[PDB]
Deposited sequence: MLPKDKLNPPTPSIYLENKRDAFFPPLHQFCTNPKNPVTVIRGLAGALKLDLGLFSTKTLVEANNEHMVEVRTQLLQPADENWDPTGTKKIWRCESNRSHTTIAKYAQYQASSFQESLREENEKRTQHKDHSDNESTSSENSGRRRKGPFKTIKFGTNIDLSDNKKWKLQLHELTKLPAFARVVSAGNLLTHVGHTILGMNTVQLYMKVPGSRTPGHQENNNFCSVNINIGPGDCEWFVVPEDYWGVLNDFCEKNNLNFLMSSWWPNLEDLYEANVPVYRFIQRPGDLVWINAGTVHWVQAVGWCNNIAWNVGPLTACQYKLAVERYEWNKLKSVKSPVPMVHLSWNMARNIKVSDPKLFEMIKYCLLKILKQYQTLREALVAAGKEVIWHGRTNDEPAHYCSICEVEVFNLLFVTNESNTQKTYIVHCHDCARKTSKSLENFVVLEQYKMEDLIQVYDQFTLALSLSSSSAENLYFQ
């Protein structure tokens, strides 16, 4: 069907008024729109994209680290096995590091070489893609990060309506900006965002990017394809074969992102991207306060546990911060958070009572203001409140955190561990009891 090649939801902006118009925010966060392309966004806000040009970046922090992916330059929208015999999902994406200065040299020489060639199945050429460049440090990137505060609030890296702001600590590349330096064919293979959070991406130019998008509710189909092909959906590099998707009745949105266009990837939307020209991009995540965002983040948090993959977003910590600090006025979102908090509380009460009944001391440890969430040093599951720390790490005050299961596996009666408690039961109960639905007429 042509239902399988649907039009891209698109907003055409001319000025600041259009950027700040509330129906824009509502359109982006509507779960029926898997992606929204906001055309002309940089022009409409007079955003200086020159602050993100390769020349500017080299002048600012020439030795800054760049993760390099070395990839094959594949034709059009296809991915061929290295022999050029058949189309397959697995893609070659070998990893190394470089600096902004060194990648910039390659990006520029790549272009000059193409000019020279223009003045003249595979085998394919190799290219390098500069990815995951960390723009978190405000003392290194002051002017760059300041420019992004010109965005409307809903798309900012930091805002009161962004769940990632309510985490209360840094999650690199999610509530901090990542930069991408590209040459033609540079590919970001198929993925959903970490914990299914929305993503914001602005193309710096001067070249274009081509995007491929599949709605969230088809992700199981793509997971199945990965498994049938010996690939890990979450952890492997794959580039979908569009003919497979079409055969499976999976709709694919496909579009070009020009310099100054902002791409809003909605919660859980599956996507893969390739540079058509030479360009840089910037991106980060946002978490709208909607039932849909929270539900999908929780779902992926739980799926990640089943797949033994770390969740970058500590959904337990976050849920407590929401209850402590956010007046929630949507009944559906409210009931979800409340439901999660009750599960957390009851599991905590069950575990704490079992420890005490076995005669294990629970040590009052408290918490430093703004301390990040903890994850198990062995299995990387989030660990909330009750921390299992070895007698030796306790003595040394390194406080190396384990979950209960990992501690028990090591030490059958927890004889090798102390149990540290960061929050009093009565204090968590009060937060839960006082978390009630606020009235909004909106």
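In sequence order, the deposited residues that have no C-alpha coordinates form the ranges 1-3, 124-146, 469-478.
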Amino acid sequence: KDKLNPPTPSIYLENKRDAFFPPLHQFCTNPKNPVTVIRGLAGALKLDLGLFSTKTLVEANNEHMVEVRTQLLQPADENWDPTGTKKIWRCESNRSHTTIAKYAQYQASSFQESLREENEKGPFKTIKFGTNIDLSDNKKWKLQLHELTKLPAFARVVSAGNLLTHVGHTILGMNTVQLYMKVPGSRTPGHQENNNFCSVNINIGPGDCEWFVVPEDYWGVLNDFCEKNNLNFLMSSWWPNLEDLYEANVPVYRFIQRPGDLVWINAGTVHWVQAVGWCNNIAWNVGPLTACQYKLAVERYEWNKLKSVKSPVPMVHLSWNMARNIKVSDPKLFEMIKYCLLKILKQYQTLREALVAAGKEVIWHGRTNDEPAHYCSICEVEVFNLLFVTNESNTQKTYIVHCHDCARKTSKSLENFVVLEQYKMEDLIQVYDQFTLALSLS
From here on, numbers count along this sequence of modelled residues.
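Note that the rigid core is defined as the largest set of C-alphas that superpose within 1.5 Å between two forms.
Stretch comparison, 368-376 versus 283-291: after rigid core superposition, larger RMS CA deviation in 7 other deposited structures of this protein is found for 368-376.
Remark: stretch with higher mean C-alpha B factor among 244-252 and 97-105 is 244-252. Taking only CA atoms, the mean B-factor in the PDB entry is higher for 323-331 than for the other of 272-280 and 323-331.
The maximum CA B-factor among the listed residues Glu216, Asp261, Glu120, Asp134, taken from the PDB record, is found at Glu120. Based on the entry's C-alpha B-factors, the most elevated value among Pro288, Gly168, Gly205, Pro314 belongs to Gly168.
Compared with the other modelled residues of the chain, the Cα B-factor recorded for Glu302 ranks in the lowest third. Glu380: CA B factor in the middle third of modelled residues in this chain (values from the PDB entry). In this PDB entry, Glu415 carries a Cα temperature factor that places it within the middle third of its chain's modelled residues. Annotation for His404: CA B-factor lies in the lowest third of the chain's modelled residues. When all modelled residues of the chain are sorted by CA temperature factor, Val37 is found within the lowest third.
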